[PDB]
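Take a look at the structure below.
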2 protein chains.
Amino acid sequence: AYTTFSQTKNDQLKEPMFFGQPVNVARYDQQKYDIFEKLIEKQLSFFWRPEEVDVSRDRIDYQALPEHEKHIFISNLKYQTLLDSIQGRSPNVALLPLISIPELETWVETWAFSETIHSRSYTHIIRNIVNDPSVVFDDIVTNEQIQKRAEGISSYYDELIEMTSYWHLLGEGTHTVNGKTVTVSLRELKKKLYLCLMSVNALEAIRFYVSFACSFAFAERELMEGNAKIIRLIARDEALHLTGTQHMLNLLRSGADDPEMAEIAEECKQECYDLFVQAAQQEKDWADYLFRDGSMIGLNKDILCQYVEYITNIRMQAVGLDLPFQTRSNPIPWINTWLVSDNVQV
Amino acid sequence: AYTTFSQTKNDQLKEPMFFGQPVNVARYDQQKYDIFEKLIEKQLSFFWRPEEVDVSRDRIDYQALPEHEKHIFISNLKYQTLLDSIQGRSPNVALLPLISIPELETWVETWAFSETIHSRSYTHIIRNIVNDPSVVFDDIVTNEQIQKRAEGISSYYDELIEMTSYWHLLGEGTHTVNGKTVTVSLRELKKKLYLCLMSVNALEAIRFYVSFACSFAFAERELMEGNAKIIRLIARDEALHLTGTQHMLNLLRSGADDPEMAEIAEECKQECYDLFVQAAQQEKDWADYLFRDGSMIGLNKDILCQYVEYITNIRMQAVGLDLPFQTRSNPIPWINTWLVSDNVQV
């Protein structure tokens, strides 16, 4: 029952963010939540192109790197490329058919677009530092470690999309499909979305920031500085992305947008907590993989794991979850130099 | 069976454009068809923001317009806003889940994004020339004439999306749903896509260019020049969009990409012809609506209808269809001044 132009003249100011009447007219003179209009504006203002940045010198640095330092950098690079390959397409595929307010619809499309730019920046870096890019891109699919992360992260999207399809096609209720029972529940679907949004928040607010640390650690050694220049632009975008999901999540659980979602958010509050913890642990285990053959100046498994806990605590409080780790100070204050923007707090 | 990250290490160079394995890694070092990489590049290079353009003087001109000339301009404006409200979301929703090569996936996302910019430019114009924008935006949904166009155009998208959902959920074959027979056919789905792409080609290559003429006709009278400045930027993008669908359509019917699609394209060649003709006639009837209360200097129902036939012939030959109208010269050569770009033939 999805329509690319719903025929009812509805008041878009009184629609919920999700699961309401599909947006008909795209208008930007008014908003229910002006945060998404501001995010669109900021992201438009940030528009950049990867090939602005000269990454030539990074080839020399990379070749000069010890084998284990190559492993650190290229594993990091591949993980990012995996993540925003997913972030490139998934906000559009998973969220668009469910959005019911214009400013949120356009934010998601703008969001996903900015991710394709990130992916294009990744190709730019890879082409310049390795001799055979195909080897790198192929390993992204077949790497045992990377693959485990891709499966879990994509599943939150995939389950939302499939349940969405059933909901559009079948509507709410209990159904018969080829002799099997299919029960469609809006409440369940709302839960799938909330959990997915929680996962994506973790993806962009925690997982990527763990990766930023790895990149900026090289730049602290005055190595791979072209890459770092790009990561700075990427991080500035990422601060907007996570801000977006933070507002979606908080507006959903407050019950201001949809009173049913307030109850659903409480029901699965433990699940969201467990989700965020599992992600933190997975990034801790990733640190293990990165530094399995040795570490580098200013960054090792212990320091990175400290940062995981430090950033995880912050992000989880932002979305109303209990803190899973001891209250700690910033283990790598040098990262703040790189994570700065005059137009947004990165 | 849609996955946001398919787990198989496939050779993306040997995948079809559509219905192949969902794209896993987004890479831009290689293409099967470099046309889509070039389109991405060009569209990125064209990136503009609506509020650059000063449309202040357009308020004065608009208020000074005779009532029937207001009707002409605002009906035109509303039609465009309808069209790119649909074009804003639909390429993403309808095409993304079906794409199987990275460069096409990113082009579609870039395409749809550029449409949101067009929609934002429409809001910009409307806010500045009318006192109550809500009246304008509401009429887009309830206008009898506009509504007829929205229904037909959206249906091509909607039918593709729904059949897509069935295909992902059920796979090919004959199925039982709540005691009804549901037959899923890839061949049928491929046809739904082809027809949809034909429709979208007509939308952007014909329908919008009919509208460009109306806008530039005002500018020829040195009226509504802020609007025209924006339409010039929009037209430059639109030339890329229609180029995109022209290549998709021609690559599909050639059988180079997918031999099955060559046969399917021939089978429904009449249907595509009838589709394009029906669209041309609908724009002719739209000209009737625009000029029902009188015309203006340099543009009336007769002249615009001539342009419809002139542009329709050109577009249809580009996609391998028979010409539906007499071979004619350009009835409004003055439009070429406005439809020019040094980076692309508009």
Q. Out of B:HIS175, B:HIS71, B:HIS247, any idea which swings most in a Gaussian network model of chain B, alpha carbons joined below 10 Å?
A. B:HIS175
Q: Provide an ascending nm list, one decimal, of label-point separations from B:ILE297 to the equivalent residue in each further copy; define each label point as 7 Å from Cα along Cα→Cβ.
A: 7.3
Q | Karplus-derived HN-Hα couplings along the range B:19-25 (A = 6.51, B = -1.76, C = 1.60, θ = phi - 60°), whole Hz, x at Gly and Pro | A | 6, x, 5, x, 4, 8, 7
Q) Does chain B come out rounded, prolate or oblate, given a ≥ b ≥ c as the square roots of the eigenvalues of its C-alpha gyration tensor, rounded meaning a/c under 1.5 and, failing that, prolate meaning a/b above b/c? A) prolate
(Q) Between B:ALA262 and A:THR183, what's the calculated FRET efficiency when r is the beta-carbon distance and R0 is 41 Å? Round to 0.05. (A) 0.45
Q. How far is helix A:208-220 tilted, in degrees, relative to the longest principal axis of the Cα atoms in chain A, given as a value from 0 to 90 rounded to the nearest 10?
A. 20 degrees
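Counting other beta carbons within 10 Å of each Cβ, put A:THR337, A:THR176, B:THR245, B:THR181 in order, fewest first. Working shown, then result.
Values: A:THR337 11, A:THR176 14, B:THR245 23, B:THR181 8.
Fewest-to-most ranking of A:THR337, A:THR176, B:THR245, B:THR181: B:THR181, A:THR337, A:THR176, B:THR245.
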(Q) For A:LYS191, give me every one of the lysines with a C-alpha distance below 25 angstrom, ignoring sequence neighbours fewer than eight places off in its own chain. (A) A:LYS14, A:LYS32, A:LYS148, A:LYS180, A:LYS269
Q) Residue by residue through the range A:221-234, which ³J(HN,Hα) values in whole Hz follow from phi under the Karplus form 6.51 cos²θ - 1.76 cosθ + 1.60 (θ = phi - 60°), with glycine and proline marked x? A) 8, 6, 10, 6, 7, x, 3, 5, 4, 6, 4, 4, 5, 5
Q: Classify the range A:104-212 as rounded, prolate or oblate, taking a ≥ b ≥ c as the square roots of the eigenvalues of its Cα gyration tensor: rounded when a/c is under 1.5, otherwise prolate if a/b is larger than b/c and oblate if not.
A: prolate
Q: Mind telling me which of A:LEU203, A:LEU321, A:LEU104 comes out most flexible in a GNM of chain A, alpha-carbon contacts under 10 Å?
A: A:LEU321
Q: Find every distance from the label point of B:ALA256 to the corresponding label point in the other copies (7 Å from Cα along Cα→Cβ) and write them in nm, one decimal, shortest first.
A: 5.4
Q: For A:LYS38, go through the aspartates and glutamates and keep the ones whose alpha-carbon is under 16 Å away, minus same-chain ones fewer than eight residues off.
A: A:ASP29, A:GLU103, A:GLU105, A:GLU109, A:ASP237, A:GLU238, A:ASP342, B:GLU51
Q: Give me the angle, in degrees from 0 to 90, between the Cα long axis of helix A:301-318 and the longest principal axis of the Cα atoms of chain A, rounded to the nearest 10.
A: 30 degrees
Q.
From the phi angles alone, apply the Karplus equation (6.51, -1.76, 1.60; θ = phi - 60°) to the range A:34-40 and give each ³J(HN,Hα) in whole Hz, x where the residue is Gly or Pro.
A. 6, 4, 6, 5, 5, 5, 3
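Kindly state, to the nearest 0.05, the FRET efficiency for A:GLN345 paired with A:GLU271, given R0 = 25 Å and r defined as their beta-carbon distance.
About 0.30, to the nearest 0.05.
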Q: Please label the shape of the range A:1-87 as rounded, prolate or oblate, based on the square roots a ≥ b ≥ c of the eigenvalues of the alpha-carbon gyration tensor (a/c under 1.5 means rounded; beyond that, a/b larger than b/c means prolate, else oblate).
A: prolate
Q: Note the full-extension length gain between A:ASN131 and A:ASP302 as 0.36 nm times their separation in residues minus their Cα-Cα distance, in nm to one decimal.
A: 58.3 nm
(Q) Using amide H atoms built in the peptide plane, which far-off residues or other-chain residues are under 5 Å from A:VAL177 H to H? (A) A:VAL182, B:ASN178
Q: Using only Cα atoms, tell me the angle between helix A:144-170 and the longest principal axis of chain A; keep it within 0 to 90° and round to the nearest 10.
A: 10 degrees
Q. Could you put B:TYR62, A:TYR122 in order, starting from the residue whose Cβ has the fewest other Cβ atoms within 10 Å?
A. B:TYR62, A:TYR122
Q) Which of B:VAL108, B:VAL184, B:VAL277 moves the most in a Gaussian network model of chain B with Cα springs under 10 Å? A) B:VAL184
Q: Name the residue farthest towards the positive end of the dipole of chain A from the options A:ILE74, A:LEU13, A:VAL177, assuming +1 on Cβ of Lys and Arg, -1 on Cβ of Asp and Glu, about the Cα centre.
A: A:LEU13
Q: Mind computing the radius of gyration and Dmax over the alpha-carbon atoms of the protein assembly as shown? Å is fine for both.
A: 25.8, 80
Q) Given the convex hull over the Cα atoms of the range A:254-346, what projected area results after averaging over all orientations, in nm²? A) 7.9 nm²
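Given contacts defined as C-alpha pairs under 8 Å and at least six residues apart, what's the relative contact order of chain B, whole-number percent?
Numbers: 421 pairs, mean separation 68.2, N = 346.
Taking the mean separation of contacting Cα pairs over the length of chain B, I get 20 percent.
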**Q.** Label spacing, shortest first and in nm, from A:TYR273 to its equivalents in the remaining copies (7 angstrom along Cα→Cβ)
**A.** 6.9
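If contacts are Cα pairs under 8 angstrom and at least 6 residues apart, what is the relative contact order of the range B:147-251 in percent? Before the final figure, lay out the partial values.
Details: 64 pairs, mean separation 24.6, N = 105.
After rounding, I find 23 percent.
Every number in this text was worked out from the coordinates using simple rules, so none of it is lab data. Reconstructed Cβ throughout: ideal geometry from the backbone, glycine too, with neighbour counts over all protein chains shown.
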